Amino acid sequence: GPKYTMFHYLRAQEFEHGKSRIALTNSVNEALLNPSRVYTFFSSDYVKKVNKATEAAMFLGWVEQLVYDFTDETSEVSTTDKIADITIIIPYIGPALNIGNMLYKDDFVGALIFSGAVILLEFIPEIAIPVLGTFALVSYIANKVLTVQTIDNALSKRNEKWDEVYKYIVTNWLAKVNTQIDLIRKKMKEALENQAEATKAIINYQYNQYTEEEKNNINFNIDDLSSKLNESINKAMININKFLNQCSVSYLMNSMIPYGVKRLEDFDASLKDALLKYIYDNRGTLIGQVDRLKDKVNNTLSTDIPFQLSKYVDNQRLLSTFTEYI
Amino acid sequence: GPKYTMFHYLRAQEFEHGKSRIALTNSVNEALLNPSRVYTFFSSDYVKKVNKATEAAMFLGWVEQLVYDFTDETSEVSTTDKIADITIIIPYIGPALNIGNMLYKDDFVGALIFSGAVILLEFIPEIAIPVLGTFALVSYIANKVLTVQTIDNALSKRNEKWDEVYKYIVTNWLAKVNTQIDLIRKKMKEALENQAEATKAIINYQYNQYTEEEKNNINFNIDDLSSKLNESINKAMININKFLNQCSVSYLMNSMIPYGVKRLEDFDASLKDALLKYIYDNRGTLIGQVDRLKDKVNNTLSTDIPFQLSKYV
């Protein structure tokens, strides 16, 4: 069961602008407990290479290593939506349990790998499809054209239904799911903007802690560093946006829509039963075309209506972007 | 919500040896519904390369490429204990939710990152710390040496509990945790040599789809392939085992010992609460020392017994 919120994680990355030997750490707990400690999701190698005290000579080579590595920490990323979350249950009293019996979970939106750290995303709750309803099939004893008409209208309304549900799903995906993803977009840029300012204030300390002659005999410039980090960040944000787009579309296509389709297929099946029962109960009235109708019903209600994203998006620009990731 | 077992995931990776061309798949569920499909955690690019219809001419190069690839898929494996598992709540009714209030989970032992899949591990449950509340404080009437005795005994008994609980935790971490982790090593290596069996089955199906004078012109020995990826498999197990070792030792150091330390401090607290009430029910009988006792009490019961790994290993 749940215990922390994101605040836990985010506070760990925060610091106030108050000068001290502030260092990057790989422990959320340690960051949260020492105000001169800041949590990084970068590799320990980068941590050891940033917390390090460095003589004024090798100082400008230190910085250059960092900026390459920083770029290499924020841009070298990987992704997948293939994740096995395995919980192993240790019997402390009994005999050992069979690995078959251990717990397995793979229902994840996707995962962003940073060499130093893995970011996983899951979404809840599953979308709620409004109840689809039951077509009232009106009988007209001894009236072929009119009973045929209720069959035909039943099948048309059914198609409309697939359209309504799809439309419903897309509008919520745009209005509720993508809006949340956008806030994640913003938080990830922010996390990065903040990791840049951590590494920055760690350096500015070292250089604003040197013999005033070295401070002039070392060409140094904040805007120089405070730019090679932003372009580094924007470069990194290209992959992150790509990932988040992939998550958005994957969620629409592999979670939301299939859930809606399952519903519409049930609807189809019980409408199919109703219509076949209807046909049998009017088979006198409908003589000459019972088999035609029986088949038109079966064929129709056994072929799914494919989902066409382009029906429901009138931005085109948005359409172009999302279509890539299918 | 529902919990599921590893069973199906393991089954997904299984195939019967026949004569049909099995195909690797990145879909667990597709493999489970199809005898001809076997789940793999290698890159999708591996899946594509192995599932490829290959001509007799290009055969050997394709096998050799796969061996290299197989070695990269299994050796070029990264690891970490830094995982941020974030559940995003979607508000279907109302305004957007601040990311700050989404859920955050990070109690994993470690993560094994292959080119085509991430494997997260977590261990449950906490170890039961044996009942510490064992002794009661006997009220001796007007016997100062013997009330001071019970108090010195209680204090000397907690030092004993701390030790015994450390020993108990390390004991159960060798006999129970390290045992279950050694079954992880087993099922992992065994999975790797099922991926090796899969790929061999696929490559051997391809060799045995050619003409007889063609197969004669191709220096292919199914045995030297077997050795070649066993080499790769044993190679992979170095970093897998280093991982599990780091896993094993982190759980001891980061979960078990800290838990025991908490339940132990709970004990210490409860013991003062009862030692002082014992002093208030032993009014004055101890005076001339009341200070001296409470000081050595608080010196002792407000300070954890340092845990030293070397001692218990």
For the range A:219-240, does any single residue satisfy the condition of being assigned to a loop (DSSP other than H, G, I, E, B), hydrophobic (A, V, I, L, M, F, W, C) and over 25 Å from the mean Cα position of the chain (by Cα)?
yes
Among the residues of the range B:98-119, what is the count of those that are over 25 Å from B:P258 (Cα atoms) and facing another protein chain (nearest Cβ under 7 Å)?
9
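Table: residues versus (1) exposed (fewer than 12 other Cβ atoms within 10 Å of the Cβ); (2) within 14 Å of chain B (Cβ to nearest Cβ); (3) in contact (Cβ under 8 Å) with a residue 24 or more places away in the chain; (4) within 15 Å of the chain's Cα centre (by Cα).
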{"site": "A:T74", "(1), (2), (3), (4)": "no, no, yes, no"}
{"site": "A:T80", "(1), (2), (3), (4)": "no, yes, yes, yes"}
{"site": "A:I83", "(1), (2), (3), (4)": "no, yes, yes, yes"}
{"site": "A:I88", "(1), (2), (3), (4)": "no, yes, no, no"}
{"site": "A:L121", "(1), (2), (3), (4)": "no, yes, yes, yes"}
{"site": "A:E126", "(1), (2), (3), (4)": "yes, yes, yes, yes"}
{"site": "A:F135", "(1), (2), (3), (4)": "no, no, yes, no"}
{"site": "A:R158", "(1), (2), (3), (4)": "no, no, yes, no"}
{"site": "A:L174", "(1), (2), (3), (4)": "no, yes, yes, yes"}
Out of the range B:1-34, which residues are small (G, A, S) and either touching a helix residue (DSSP H, G or I) at 6+ places or on another chain (Cβ under 7 Å) or closer than 17 Å to B:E197 by Cα (or both)?
B:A12, B:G18, B:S20, B:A23, B:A31
Members of the range B:176-215 found to be surrounded by 14 or more Cβ atoms within 10 Å (Cβ to Cβ) and β-branched (V, I, T), listed by number:
B:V177, B:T179, B:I181, B:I184, B:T199, B:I202, B:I203
Please count how many residues of the range A:27-59 are over 15 Å from A:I202 (Cβ atoms) and not β-branched (V, I, T).
13
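If I filter the range A:276-304 down to residues being of a type in the set (A, V, I, L, M) and touching a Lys or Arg at 6+ places or on another chain (Cβ under 9 Å), which single residue comes out as farthest from A:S156 (Cα to Cα)? Talk me through it step by step, then tell me what you get.
Our first condition is that a residue be of a type in the set (A, V, I, L, M); within the range A:276-304, this holds for A:276, A:279, A:286-287, A:290, A:293, A:297, A:301.
Those still in the list that are touching a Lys or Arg at 6+ places or on another chain (Cβ under 9 Å) too: A:276, A:279, A:286-287, A:290, A:297, A:301.
On the way: A:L276: 16, A:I279: 17, A:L286: 20, A:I287: 23, A:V290: 19, A:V297: 11, A:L301: 11 Å.
Of everything passing the filter in the range A:276-304, A:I287 is farthest from A:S156 (Cα to Cα).
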Among what's in the range B:4-38 and is among the hydroxyl-bearing types (S, T, Y) and assigned to a loop (DSSP other than H, G, I, E, B), pick the residue that is farthest from the other protein chains (Cβ to nearest Cβ).
B:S20
Under 6 Å by Cβ, and 6 or more places apart or on different chains, what pairs join a residue from the range B:41-67 that is away from chain A (no Cβ under 14 Å) and in contact (Cβ under 8 Å) with a residue 24 or more places away in the chain with one that is in a helix (DSSP H, G or I) and among the basic types (K, R)?
B:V67/B:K228
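Bear in mind these aren't lab numbers, they're just calculated from the coordinates by the rules spelled out. Every residue, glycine as well, gets a Cβ built from its backbone with ideal geometry; the counts of neighbours run over all protein chains shown.
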